[PDB]
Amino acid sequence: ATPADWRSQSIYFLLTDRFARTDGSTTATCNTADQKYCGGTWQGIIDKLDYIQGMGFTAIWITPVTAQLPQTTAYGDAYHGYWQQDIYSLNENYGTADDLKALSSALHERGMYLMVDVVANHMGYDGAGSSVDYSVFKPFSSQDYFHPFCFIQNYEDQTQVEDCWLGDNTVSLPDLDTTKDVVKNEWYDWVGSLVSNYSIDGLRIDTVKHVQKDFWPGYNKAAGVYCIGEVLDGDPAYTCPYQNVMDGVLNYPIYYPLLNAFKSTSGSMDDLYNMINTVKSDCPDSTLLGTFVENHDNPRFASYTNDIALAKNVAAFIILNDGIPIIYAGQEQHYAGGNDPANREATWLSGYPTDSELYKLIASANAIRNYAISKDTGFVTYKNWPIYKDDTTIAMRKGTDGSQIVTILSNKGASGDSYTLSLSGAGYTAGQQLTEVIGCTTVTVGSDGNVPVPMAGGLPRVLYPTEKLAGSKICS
């Protein structure tokens, strides 16, 4: 599917090994500290598609599918999919080629998209860099396809970052020489084939800053579908420019300020407001970035604060910001694991309750987003604009004038006092009735165009014109 098609989607990101088993168990042991395969499979994802769609997601991102190193290393099994050895075969721990195909067609039947994570930067090996046996890799069976062994000592030296090896002496990640034409040619041919064989709709590309920029334009074109890249860097002057060589990138620039604003009642709304504006002006297209606050490489939000009102607000931001929303499986169940491996918890242990607090908030936020784009073909290309901020509040506006959504977010927390915010700048007309779509109550615009928003419990408030909800099932 193209970049234009993808602007309207919302993604549920999951680790195949940790989401759902074929036997549907909700109590099978999965101690994250063991770093072993816990048993998730592609068939299990199919069985729980109602759980996922019920939150209003239109797509899923799944970790890498290729066959991995077989060993249990000192860092555990390659359950996460990032240590490949044979790119022409699939990881059998998750099922067969037919299962993968079954998945794509079960998604498509429901009007949903499939996004697959891919690695071009490196392969994986159980042992020290000097001792690698290149004959185990397929098809790159020789040391001549790879860069000479070196580890990345200085992450500020771009040359080292691209030409030296990620990993270490325990689990080493042999780095492909992506400047060689044989390497380019093989990867360009594989990526088009993988996409056509499994009917994939879009790709998440790992380790993009570790491969020279000029490789990417031809990979994105060979893939023929939207590519969103992982560039792990918080500086918009470093990451955004990658949008000149690939459709989109993950929004790490917004991640830092967003987490800092909501992880405590003293978080800064100023840093978040300024970064929204910077990304808006300085990235080639903000509407093609992926917004997130949790993933498998950082502590979960609840490891920072167990306050449920702060978790509601950060989740509302993610769905309603510019770009594509991305929630990480377990976020909706309020999971609190710390750094890898503790943030790779098995979703099934939660029992998949559809009446959890964040499951409901997410469902309501995705519901208004999905309905609005149904009615306003400009919603996805209108650039989100922060219209107000104070020490504990930020409010934003997105959507064509007359149909705009106005979202009011707070970091006061679950103890927050009850008061009335008089919000200016919303753009609605005098006397207009508005529905607050999270708690389903109504508010009326004052005669001077200001909106009297009832604040309490640190809850987020999402406003939309009552007349426009006509015929919808929202707040019915």
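Position 1 is the first residue in the sequence shown; the rest follow in order.
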{"query": "Residue range whose averaged C-alpha B-factor is higher in the record, 463-471 or 5-13", "finding": "463-471"}
{"query": "Given 359-367 and 124-132, the range whose Cα B-factors average higher in the PDB entry", "finding": "124-132"}
{"query": "Candidate set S142, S303, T72, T291 [ranked by C-alpha B-factor, highest]", "finding": "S142"}
{"query": "Selection by C-alpha B-factor (highest) of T41, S424, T441, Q35", "finding": "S424"}
{"query": "Third of the chain, ranked by Cα B-factor, where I45 sits", "finding": "middle"}
{"query": "B-factor third for the C-alpha atom of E345 within its chain", "finding": "lowest"}
{"query": "Third of the chain, ranked by Cα B-factor, where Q85 sits", "finding": "lowest"}
{"query": "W61 - Cα temperature factor, lowest/middle/highest third of chain", "finding": "lowest"}
{"query": "Within-chain third of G413 by Cα B-factor, per the entry", "finding": "lowest"}
